[PDB]
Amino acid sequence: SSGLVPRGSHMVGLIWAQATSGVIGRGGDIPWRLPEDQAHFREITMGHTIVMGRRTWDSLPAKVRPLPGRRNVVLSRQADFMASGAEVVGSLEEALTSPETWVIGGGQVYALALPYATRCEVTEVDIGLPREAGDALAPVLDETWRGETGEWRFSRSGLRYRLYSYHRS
């Protein structure tokens, strides 16, 4: 792999935060808050196109969306769903037109985008959140993904967390 992104290519990355159980979402929200993760998510995605599921757009408070500094693209199959300030498309093929795209959730769209992704950036939060029915979950990465696992760090909010970076060809 290479860190340089040619402008004629179409690099797709996924970025998410999970509990150690793999839970990423419950009841339309993220069931923790971690300021180091919010800063990390902004550092990675700023200046790029972000692609999200309709349900992830819904989870953003109206006053904050579309997320600033980034082209917001929302995936929906509903012909009458609209996202003020952002573009709604009906497929991943229509959304992945930029040279660098970060898929920012949620559970459904991660699984949808994984076959095209070459990078994942993960935050793992050491919170004991067991999986319940209806939870959004992080995608599982098969053996074609090579990962770098950071050591455990400690949040100002009192949770342990660590970062992973995965790549593949």
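Basically, rigid core = biggest C-alpha set you can superpose within 1.5 Å across the two forms. Note that residue numbering begins at 1 and tracks the sequence as displayed.
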Stretch with larger C-alpha RMS deviation in 9 other deposited structures of this protein, core superposed, 20-28 versus 145-153 = 20-28
note = Looking only at C-alpha temperature factors in the entry, 69-77 or 90-98, the higher average sits in 90-98
note = Per the PDB entry, mean CA B-factor is higher for 39-47 or 127-135, namely for 127-135
Deposited CA B-factor, highest of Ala62, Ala111, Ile104, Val122 = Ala62
message = Split into thirds by Cα B-factor across the chain's modelled residues, where does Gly147 land: lowest, middle or highest?
response = highest
message = Among the modelled residues of this chain, does the Cα B factor of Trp32 put it in the lowest, middle or highest third?
response = highest
message = How does the C-alpha B factor of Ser21 compare with the rest of the chain: lowest, middle or highest third?
response = middle
